[PDB]
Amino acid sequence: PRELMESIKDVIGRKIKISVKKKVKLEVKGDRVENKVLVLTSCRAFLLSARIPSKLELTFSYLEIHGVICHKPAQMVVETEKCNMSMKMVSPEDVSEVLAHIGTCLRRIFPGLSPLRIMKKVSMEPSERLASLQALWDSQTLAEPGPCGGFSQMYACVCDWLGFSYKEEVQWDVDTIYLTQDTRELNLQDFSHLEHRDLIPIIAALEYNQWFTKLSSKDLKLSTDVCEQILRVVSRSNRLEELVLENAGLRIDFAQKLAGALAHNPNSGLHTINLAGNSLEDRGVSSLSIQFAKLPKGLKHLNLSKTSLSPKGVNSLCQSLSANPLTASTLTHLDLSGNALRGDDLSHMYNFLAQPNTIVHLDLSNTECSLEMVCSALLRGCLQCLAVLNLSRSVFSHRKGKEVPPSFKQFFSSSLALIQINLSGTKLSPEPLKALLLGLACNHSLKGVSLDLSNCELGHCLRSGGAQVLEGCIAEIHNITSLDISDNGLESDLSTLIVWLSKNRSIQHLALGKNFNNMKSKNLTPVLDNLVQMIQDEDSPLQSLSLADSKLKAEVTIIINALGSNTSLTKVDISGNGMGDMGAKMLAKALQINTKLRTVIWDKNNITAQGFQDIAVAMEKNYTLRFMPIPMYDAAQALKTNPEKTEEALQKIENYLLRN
């Protein structure tokens, strides 16, 4: 049967290579049978009529297979979503031959997976034959698979299977870049050079992949078909530990389809989920959280930020988290920032936060939550490991009352892990501020704390009571090695604050910027003066000063001029002052004398190419400065006017920094 072969190889292409060809009788509706030749390639089987010339009657890919039922010996049936085809062959020595090849390919691709697991259903009634097979698969050796758990070989088969054009680019990227980097993350934005539709075979290839433990995309709006494939992977993958689809414009239906996949999956490997950016809208979240409740593993990290949750959503979710016995011992990161925590019962949230738990990072910011209520829970729950707590943009109480419960001071007295605290953007009246600061001073267990109070209205607050509000007073302050008090609108009252800080031995980084809005000159100088005194004191613990975005203009010089003789600060941010060329001339002299500044942040100062030049000159003689971020905004303007002199100088500056 030669002439009958070519005609075939002429319809299926040459090289493609066919490792088996067979004659078989396709069992067909109407108790009719039809005569066909069957051709076995590496990913794909074909059925063509025995006639010359051959038509192509039926094709199915080994990935297509749902089951095979064999039963009577010469008879093979294979089932697939498209259709199930029954077949009569000369001998069983022929079917076991056909199944031996298919399970061999599947072993060949798909390292680490039994070829039975792959074609879901395999039953031959003479059972001993099957057994005869499993070893046979066992019998042949497997060459170590290629990079990333054989991802390239699988991608190929999958493209052939779902009808996509195998992109060399994907193979190169995985075999070469991924391999060097030893990443176990598939990042859809690596494939941004291919078409959108082109991700489909790439993602679907992960269902049997045992390399990759993380699938991630951010800021890519994902197409309905791409999602179909993410979901399938989540349904079937025992190996996938982390899903991140961020700002993917997924919505509520996807939320539900994802609940679906997880329910469906007997053992998920998923402990980390980030879906921030997407409007899951509670119902999707409610749909998911139920699943989250019962997961084999319990959640390590969950980010659902800006998911368009309301209190009803957060409550449903938190109740689901505390449902799962594990989340308390497994959950180290919870980000619910950007949804609404205000005006809706949240009892289940405060309740979950309250059961002692392993959470390290809690982010409730721009949730408008209640500090007094959240602090109430953390106190019971989170003393042990919370370390970073972001609570910015929130109203101390939802109550109209002014008491500040003891739950609030007590927490900061009692925490053993706090290291980062952000209350920025929340009005703190004198009483709550006093509780918080007294609580942290009262705390030995903490050391190295960093507190962001920027934009807290400490101005209206010091004017209001204050003057012992820091000098609370008995303890202060050894706890806090970084503090940002910018944008509080201290104005003059900044002096009060400066002195309190100069009696302080802990604080290594201080940010004061944007506290100087319009101020009488007679007023401002005295503050900047105290500020110099502090910088210049021989005991100053301060390594970093930020005057950023002050809008001081000419007057920052008095600071900048101190910098020359300074020996303590290793970083300073003078950005955003409008200091101009005169400021830069002065900064440059500072840098000609000064030996201790690692980094200086200068942009938005309206510096001009002439200015840059003075700085590019100081640097050739300054060997200690290592970082001086390029003034993007000032340069771009500089470029409008003397594009030539400006580029020359900023690159001169960059060379010298690079050399240091």
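Residues carry their position along the shown sequence, with the first being 1.
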| property | result |
| --- | --- |
| Mean temperature factor over C-alpha atoms, higher-scoring stretch between 479 to 487 and 322 to 330 | 322 to 330 |
| 311 to 319 or 141 to 149, whichever carries the higher mean Cα B-factor | 141 to 149 |
| Candidate residues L528, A417, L133, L299, the one whose C-alpha B factor the record puts highest | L133 |
| Residue, from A377, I200, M76, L336, that the PDB entry assigns the highest Cα B-factor | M76 |
| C385 CA temperature factor, ranked by third within the chain | lowest |
| Third of the chain's Cα B-factor distribution that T624 belongs to, per the entry | middle |
| Cα B factor band for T641 (lowest, middle or highest third within the chain) | lowest |
| Third of the chain's Cα B-factor distribution that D614 belongs to, per the entry | middle |
| Entry-reported Cα temperature factor of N84, expressed as the chain third it lands in | highest |
